[PDB]
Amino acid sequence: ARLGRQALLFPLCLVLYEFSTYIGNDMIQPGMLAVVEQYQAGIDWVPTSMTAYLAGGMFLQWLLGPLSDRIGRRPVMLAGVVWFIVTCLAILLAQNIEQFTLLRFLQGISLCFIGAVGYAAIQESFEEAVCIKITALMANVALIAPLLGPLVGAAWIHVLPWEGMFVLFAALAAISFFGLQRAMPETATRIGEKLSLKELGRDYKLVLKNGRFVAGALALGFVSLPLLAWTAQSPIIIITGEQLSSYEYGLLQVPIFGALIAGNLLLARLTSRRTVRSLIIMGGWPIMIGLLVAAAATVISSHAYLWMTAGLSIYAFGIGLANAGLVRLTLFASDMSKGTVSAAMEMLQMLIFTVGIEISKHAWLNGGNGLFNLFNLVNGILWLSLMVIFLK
C-alpha cells in the first residue's frame, strides 16, 4: 500500500531532475562569459542570467502545489519535465540577449515542479524512514550540483562550446523522463474539486502575517544571499574582473564550497550533541567573521581576491551549520501546513535572491570590489539583526 524495496527506480527519476535543474545554473554561469562575448551587450548581463532563471521559480511556485492536488501528481510533474526539455533546446534558436532572458526565465519556472509536485509524491507514497533516506540524498544533490557543476562548467568551455550543455541536460531530464513515462504512480486525492484560486491566497495570508515566520524567512533569505551573489558574479569577478583563467578561477569555487559542506558534515555530527537554537548561534560566528573578513579585507586593498574568497569560506562553513537548522524553525514557526509554509518561504527567499543579486550587480560595477563585500556585510548585518529578535 505504501513502500517496499523494488520500485526504487522511480525516486532516482525525481532525484535526476533535481540534479539537472541546479547545474542548469551551476555550470552556465562561468560559461555565460562566452554567451556574453557572442550576444553583444555587456558583462553586466553575465549574472543577470541566474537572476531570470531564479525569478521564474517563484512564479507558479504557490500555484503548482495546490494545483498538483486538484488535477493529479503524474500529469503535473510530466508537464514540467517536458517543459524543461522543450526550453532546454529552444533556447539555442533565440540568438539575442534581450530574449535570452525570456527562455532562461522559462527554464526558471521549471523549478517549482521539483518541490510543489515532485517532493509531495514522496510525502504521499513512501513511508517515514523510507522517505528519510530519499531526502538526505536530495539534500546532497542540491549541494553537490553547485559544488561540482562549476568544475565541469570550466572544462566544458575549454573542450567544447556553451551550446553543448543545453542539450546534455534536455538529455539528462529525458534520461529520467523516459524513466518516468511508464513509472510514475500518482497520489493526488483532490481530483474533482473546484477551481478555487480566487480564495487560495487566504491560506497564504495566514503565514504571510506571522511576525515570527516572515522574519525567520528573511533571516534565511538574506543570510544565504552573499553565497549566491558570488555564484552569480564569480565568472566576472574573477575571469574578467580579477583577470584569471578557468583553472585559477574554478580553483576558488571549491575552497568556498568544500567549507560549505564541512558545515554540513559537522551539522550532521552535532545535531545529536547540541540543540537547534544553539547550532544557529554556533554557526552565526564563522559567517559573522566571514562577511567581516571578506569586506574588512577589500578596504584599502581592492584586489586581494584570495582573502575575499578566503572570507567567503569562514562565510561558507557557517552557512552549512546555520541555514539548515534555521530551516526547521522557520517551518515550525507556523503551526500550519508544510506545503504552504514551504510555498511562502520559497516565494520569499527568491525575491531576496533575485532582487538581492541585482542590487549586488551594480554594487560591483560602480563601487568596484569593495562595495560588493559591504553589500555582502549588510546581509550578515541584516540576518543577525533578525536573529537578535528571532531567538530572544
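Don't overthink the numbering: it's just position in the shown sequence, from 1.
In this entry, 184-192 has the higher mean Cα B-factor, the comparison being between 210-218 and 184-192. Averaged over their C-alpha atoms, the temperature factors of 84-92 and 291-299 are higher for 84-92. Taking the deposited Cα B-factors for 42, 356, 367, 47, the highest one is held by 42. Looking at the C-alpha B-factors along this chain, the one for residue 69 belongs to the highest third. In this PDB entry, residue 205 carries a Cα temperature factor that places it within the middle third of its chain's modelled residues. Per the deposited record, the Cα B-factor of residue 335 falls in the highest third when ranked against the other modelled residues of its chain. Among the modelled residues of its chain, residue 377 has a C-alpha B-factor that falls in the lowest third according to the deposited record. Split the chain's modelled residues into thirds by C-alpha temperature factor. Residue 235 is in the lowest one.
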